[PDB]
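Numbered from 1 within each chain, the chains take letters A, B, ... in sequence-line order.
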Number of protein chains: 2
Amino acid sequence: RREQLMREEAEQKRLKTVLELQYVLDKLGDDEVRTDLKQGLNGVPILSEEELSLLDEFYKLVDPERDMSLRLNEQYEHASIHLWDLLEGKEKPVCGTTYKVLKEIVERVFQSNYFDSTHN
Amino acid sequence: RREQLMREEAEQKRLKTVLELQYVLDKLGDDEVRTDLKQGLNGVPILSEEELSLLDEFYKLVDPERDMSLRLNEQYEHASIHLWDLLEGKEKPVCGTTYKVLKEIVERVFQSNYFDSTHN
């Protein structure tokens, strides 16, 4: 009963994390953003180029281009699982690494607070 | 234990629905798409202009512009709740209507199969 409320909160918080992630992944398309992350603040990098490439590959998996052989209700089945696995930080293979490693990367990006400022 | 697997499946399926919804809401920015939905196939409308405006308002709530007074971890708190409430079809107020009514609108759009074809 209260475990119900707790599960509902966890699911909402999970959605919030998904939205944050989508925002970040979208911003990783900007060359200026990639530059800022690879160098860091005072010389201390947030991402290596290697980790950045891992995020690019993951980006393709969770934001797929529309495939004409797939109906709408099918298009995001795999993406939904990729997203869920990342949030859980699963010890499962993806992008030549694991969701656990990808989650650790995302956490460092989130926690760097780079994206707490807006940059237009 | 199996209720665990069932909850995990439901959460993944919920993410899939979110992704589908985001895709649709994004396409609702195309004037040609709006035209096609308001007229329908053989004269039978998928959306009224009124329902379309309801989706536009909801779009603003779940895809907010980046607000410089908000940190990244705060930006999508409200959006996450709006999304969750829609999925649950709650009898709660939003956009001068309810999430229950909005969910019914989204279902009709999904089920029209308009978005089963790609249109570029």
- Heavy-atom nearest pair, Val62(B) first then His82(B), reads CG1-CB, 3.6 Å
- Got a salt bridge between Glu57(B) and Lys60(B), using NZ or NE/NH1/NH2 to carboxylate O under 4.0 Å? yes
- Are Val18(B) and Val18(A) close enough, and set up right, to give a side chain to side chain contact (heavy atoms under 4.5 Å, CB included), and what steps lead you there? CA-CA 10 Å; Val18(B) 172; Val18(A) 172; 5.8 Å; no
- Message: Using 0.5 Å steps for rounding, measure from the CZ atom of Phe110(A) to the CG atom of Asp116(A).
- Response: 11.0 Å
- Could you state the interatomic distance from CG (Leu37(B)) to OG (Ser48(B)), rounded to the nearest 0.5 Å? 11.0 Å
- Message: Parallel, tilted or perpendicular, judged at 30° and 60°: which one describes the rings of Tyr114(A) and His119(A)?
- Response: parallel
- Please round to the nearest 0.5 Å and tell me the distance separating atom NZ of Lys27(B) and atom CZ of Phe115(B). 8.0 Å
- Could you please spell out the steps behind the side chain to side chain contact (heavy atoms under 4.5 Å, CB included) verdict for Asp63(A) and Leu25(A)? CA-CA 9 Å; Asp63(A) 190 24; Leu25(A) 291 177; over 6 Å; no
- Task: Using the rule that two of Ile, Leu, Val, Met, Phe, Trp, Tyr join whenever any of their side-chain heavy atoms come within less than 4.5 Å, decide whether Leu70(A) and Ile81(A) are in one cluster.
- Result: no
- Query: Given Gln75(B) and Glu65(B), is the side chain to side chain contact (heavy atoms under 4.5 Å, CB included) satisfied, shown in steps?
  - Reply: CA-CA 9 Å; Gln75(B) 179 64 74; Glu65(B) 295 297 354; over 6 Å; no
- Message: Looking only at the side chains, is there a donor atom on one of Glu77(A) and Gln12(B) sitting less than 3.5 Å from an acceptor on the other?
- Response: no
- Note on the structure: Value for SG (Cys95(A)) from CG (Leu55(A)), rounded to nearest 0.5 Å, stands at 8.5 Å
- Going by heavy atoms in the side chains, are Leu15(B) and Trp84(A) under 4.5 Å from each other? yes
- Please check if the side chain of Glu74(A) supplies one atom and the backbone of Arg71(A) the other of a donor-acceptor pair under 3.5 Å. yes
- Calculate, to the nearest 0.5 Å, the distance between atoms CG and CZ belonging to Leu86(A) and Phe58(A) respectively. 4.5 Å
- Which atom pair, heavy atoms only, marks the closest approach of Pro64(B) to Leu61(B)? CD-O, 3.9 Å
- Query: Looking only at heavy atoms, which two atoms of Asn73(B) and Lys16(A) are closest? And how far apart?
  - Reply: O-NZ, 2.9 Å
- Task: Starting from the C-alpha separation in whole Å, work towards a yes-or-no answer on side chain to side chain contact (heavy atoms under 4.5 Å, CB included) for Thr97(A) and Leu54(A).
- Result: CA-CA 8 Å; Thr97(A) 176; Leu54(A) 289 176; 3.9 Å; yes
- Message: Between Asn120(A) and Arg66(B), do the side chains contain a donor N or O and an acceptor N or O under 3.5 Å apart?
- Response: no
- Message: So, taking the atom named CZ in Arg108(A) and the one named CD1 in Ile46(A), what distance separates them when rounded to the nearest 0.5 Å?
- Response: 9.0 Å
- Between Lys90(B) and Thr98(B), what is the shortest heavy-atom contact and its length? O-CB, 4.1 Å
- Side-chain touch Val109(A)/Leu28(A), heavy atoms, less than 4.5 angstrom: no
- Note on the structure: Heavy-atom nearest pair, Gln4(B) first then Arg1(B), reads CB-O, 3.3 Å
- Message: With a 4.5 Å cut-off on side-chain heavy atoms, are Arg34(B) and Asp56(B) touching?
- Response: yes
- Query: Salt bridge check: are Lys100(A) and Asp85(A) linked by an N-O gap of less than 4.0 Å?
  - Reply: no
- Query: Does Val106(A) reach the side chain of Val24(A), with side-chain heavy atoms less than 4.5 Å apart?
  - Reply: no
- Are side-chain heavy atoms of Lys103(B) and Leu87(B) found at a separation under 4.5 Å? no
- Item | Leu72(A) versus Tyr23(B), closest heavy-atom pair with distance | CD1-CD2, 3.8 Å
- More than 12 heavy atoms of other groups within 6.0 Å of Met68(A) CE: no
- Are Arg14(B) and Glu88(B) close enough for a salt bridge, meaning some N to O gap below 4.0 Å? yes
